[PDB]
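To keep things clear, I will list the structure first and then write my remarks on it.
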Amino acid sequence: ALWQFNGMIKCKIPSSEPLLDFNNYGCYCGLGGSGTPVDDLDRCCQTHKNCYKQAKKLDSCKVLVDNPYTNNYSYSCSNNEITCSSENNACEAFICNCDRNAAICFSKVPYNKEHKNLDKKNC
Ligand SMILES: [Ca+2]
Ligand SMILES: [Cl-]
């Protein structure tokens with residue numbers, strides 16, 4: 001769920017408030033993703049969205065009736081490392097992995113302020 005993704009990002013980037021810093025960024029970091037990513041961070045978000053799309057295709061996910069952002073899963077942050085729990089069932093585990101990959105991606109790319117609150121006209 002979104003709550004967990006927020007926590008994962010903070011796990012990798014302790015100084016951030018993910019919901020504010022990574023929302024409304026580029027063409028893909030937010031609720032609406034379209035066009036060509038503007039930078040590597042935006043591409044992290046595009047990959048994350050494509051990961052969620054793949055999840056929705058899996059037979060194991062057609063039984064949640066709970067949006068992937070409200071769909072809770074289990075994970076831990078320890079020494080700033082994310083670990084998806086073995087207790088997660090198929091769909092939840094796939095989503096956990098999508099989130100973990102994106103959080104790690106976020107922490108490894110530059111953050112370009114000029115891309116925050118990007119006017120969607122160039123998306
Ligand atoms: Ca367009
Ligand atoms: Cl990690």
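Heads up, the sequence shown is in the entry's author numbering, so the first residue is 1 and it goes up one at a time. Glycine included, each C-beta is placed from N, C-alpha and C at the ideal position.
Chain-ordered list of residues that sit, by beta carbon, closer than 7 angstroms to a heavy atom of ligand 1: Chain-ordered list of matching residues: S34, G35, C123.
Exposure label - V63; buried when at least 16 CB within 10 Å: The residue is exposed, with fewer than 16 neighbouring Cβ atoms inside 10 Å.
Heavy atom of ligand 2 within 8 angstroms of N6 beta-carbon: No; taking the cut-off as 8 angstroms, the Cβ of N6 has no heavy atom of ligand 2 nearer than that.
7 angstroms Cβ shell around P18 - same chain, five flanking residues per side excluded: Cβ neighbours of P18 beyond the five flanking positions: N6, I9, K10.
Bridge partner(s) assigned by DSSP for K116: In the DSSP secondary-structure assignment, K116 is bridged to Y25.
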